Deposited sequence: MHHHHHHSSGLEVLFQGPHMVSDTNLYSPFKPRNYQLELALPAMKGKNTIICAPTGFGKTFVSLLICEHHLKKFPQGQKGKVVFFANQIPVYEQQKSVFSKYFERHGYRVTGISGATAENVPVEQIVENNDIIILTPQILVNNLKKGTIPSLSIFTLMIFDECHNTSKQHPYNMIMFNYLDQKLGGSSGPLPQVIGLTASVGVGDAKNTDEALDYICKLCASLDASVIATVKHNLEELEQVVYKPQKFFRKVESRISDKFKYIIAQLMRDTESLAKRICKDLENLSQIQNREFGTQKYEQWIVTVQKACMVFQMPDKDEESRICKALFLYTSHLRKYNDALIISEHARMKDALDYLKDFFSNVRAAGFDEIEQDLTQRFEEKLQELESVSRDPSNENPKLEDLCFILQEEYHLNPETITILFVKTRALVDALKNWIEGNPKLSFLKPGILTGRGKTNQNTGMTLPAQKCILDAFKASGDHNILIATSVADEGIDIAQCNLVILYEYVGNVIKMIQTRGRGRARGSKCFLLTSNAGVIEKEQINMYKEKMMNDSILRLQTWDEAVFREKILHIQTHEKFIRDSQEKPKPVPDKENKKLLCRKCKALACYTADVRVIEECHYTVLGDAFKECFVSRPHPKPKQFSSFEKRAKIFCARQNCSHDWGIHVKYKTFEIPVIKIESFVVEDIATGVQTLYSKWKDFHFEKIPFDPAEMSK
């Protein structure tokens, strides 16, 4: 152990080194990696000569996986332990069984292990002696962590009595979920402890003073401000809205309406979702009326978003956003509909710009953020900032404004989504891999949970780091208020736990956990009857025939193909700007409607073992029926019931 550990690290690691299933709960940045390494070195120094240990470490983000894989193999080969890892890119056509056998420390994404557990390639978890979940707080509803633990609990409660592994979770906090007093919070923490069969929660108690000189708590600030006094854009855009919806009335004629909400977008998603069953006797003019109206609603949706961007940013940015929109749809073909909508746009456009570009009109949010930045960089010209927005439209809007606003010449921004002065960002899953210490973080119209709150403090470990929350909605302020109270209750409940006898707590967890077992068994739902009939699937933006269900076979129960040239008729392949690959496929194209003026996104095109195939999404089509004539929309594939004819290579 020659790299100088601190006493709070040994204090956290101690119970794990005593063999107890343990949840380490410590502030982001305490150095969990050293704790994991110490625990592992100890775990497998323990064994006699005739037995050997096998450790598995789960990370569920690739950078963390690669980082841990690297540091584990560097620390452990000197001691004689084969280290290896498996992730999505390295998973296929390799006999995972003997990879696991042949190696003593094993770093995994969790999905690969549930996938191997279910296909029996991995018989039981009794293969492992120690399991380590990094960011274990999402050992919760459907997350792969929980599916692994379900397998563990099954072996626990069933008569099958193989030796089970020791389970350690690491986290900066446990969450309380939707808990509103200390006893509810207590219950939720006990439920999560049960999910990982933990007997101990390790926090820092004796060496608090050492810890609080390592990771400091940044000071928080709330900036309540109010929305735009004057809405010129909103007047004229509203008028555009009710024009387009009068067009809806001209063909649809069928119905609390607020223009600019998430009310409004859910309503418009509903008008599309209800209008893809417009069934006439004529089929030609019905295809084109229904798509007149799909287009009207798509344009109304991207009309609405423009004004939410107006509320949260400049209006020159929203303007550039929908000028990009119209350049986008210009290349999708030209009908009467395109020229018509776009031409009423042209009419408004110039008064529109004249509205946008006048200093008269500034979102007070933007000038308050300019204020904050000016102050922090006047007092510290070397401040490194990070700014969290909600939509990824807002990220490049704010960036363009930073460069375009001259007050902040001294800012040189950089992005990250899914050198520098300041980073603009949406959300980063869970604490994350190494990042430059930021000493200023700002949350711009930000809402979140308690765990994200604890974790965001790790950007500003150093003393004198600062964090701002600025908003036009007292809602958001109150919503982080309740979060801080939730952190209070979490700490209070954890300490109330540690003052219980071990055994009372362990029989508590055992009973919680047999409960939840028979719950998930009861909740196991049986099949309905799959119906065996010839169903037509038509497009969603042209409603033209695509194929029937007897055309489609299914591949490993998830992705569904088509056979026969009847599909090669009605799409066009487009080589893709993101040639990703996932488990046993390679992605090369996205396929769209070959129909003139349609070009809707229908699926992708991909190499599977020796074949090229396109594979498609339901929630990009409509499903009719021969005798009924009626048609119905499905979103999720698993939601759709018919004869599941598996893919045969024999054709």
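Q: What are the unmodelled segments when the structure is compared with the full deposited sequence, in sequence order?
A: Sequence ranges with no C-alpha atoms are 1-27, 283-289, 453-478, 712-714.
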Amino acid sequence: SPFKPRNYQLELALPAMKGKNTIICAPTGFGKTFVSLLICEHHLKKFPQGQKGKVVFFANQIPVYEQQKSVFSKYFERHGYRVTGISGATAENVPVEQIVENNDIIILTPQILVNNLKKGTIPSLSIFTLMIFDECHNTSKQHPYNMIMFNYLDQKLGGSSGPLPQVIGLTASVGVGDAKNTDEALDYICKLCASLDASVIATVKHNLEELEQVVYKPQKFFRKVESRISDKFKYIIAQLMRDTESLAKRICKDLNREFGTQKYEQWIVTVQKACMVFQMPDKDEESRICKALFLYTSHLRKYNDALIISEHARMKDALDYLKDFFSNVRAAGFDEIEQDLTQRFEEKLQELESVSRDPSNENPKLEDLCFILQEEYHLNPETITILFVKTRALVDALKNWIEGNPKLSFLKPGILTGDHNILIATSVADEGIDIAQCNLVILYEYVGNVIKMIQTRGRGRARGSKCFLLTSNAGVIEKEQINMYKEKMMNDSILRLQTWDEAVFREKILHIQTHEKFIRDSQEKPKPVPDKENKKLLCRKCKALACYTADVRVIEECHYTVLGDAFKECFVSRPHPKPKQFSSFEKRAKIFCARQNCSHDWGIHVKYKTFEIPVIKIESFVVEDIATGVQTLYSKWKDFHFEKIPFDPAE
From here on, numbers count along this sequence of modelled residues.
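Q: Averaging the C-alpha B factors as listed in the entry, name the stretch that ends up higher: 608-616 or 622-630.
A: Higher of the two, by average CA B-factor, is 622-630.
Q: Looking at the entry, does 112-120 or 547-555 show the higher mean C-alpha B-factor?
A: Going by the record's values, the stretch with the higher mean is 547-555.
Q: With respect to the C-alpha temperature factors reported in the PDB entry, which of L379, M147, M241, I435 ranks highest?
A: If I rank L379, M147, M241, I435 by C-alpha B-factor, first place goes to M241.
Q: By the CA temperature factor listed in this entry, which of these ranks top: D134, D368, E286, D197?
A: It is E286.
Q: Could you place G460 in the lowest, middle or highest third of its chain by Cα temperature factor, using the values in the record?
A: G460: CA B-factor falls in the lowest third of its chain.
Q: Looking at the entry's B-factor column for C-alpha atoms only, identify whether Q343 ranks in the lowest, middle or highest third of its chain.
A: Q343: CA B-factor falls in the highest third of its chain.
Q: Where does the C-alpha B-factor of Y152 rank in its chain, lowest, middle or highest third?
A: Tercile = middle for this residue's CA B-factor.
Q: Ranking every modelled residue in this chain by its Cα temperature factor as given in the entry, which third contains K488?
A: Lowest third.
Q: Split the chain's modelled residues into thirds by Cα B-factor; is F505 in the lowest, middle or highest one?
A: Middle third - that is where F505 ends up once the chain's C-alpha B-factors are sorted.
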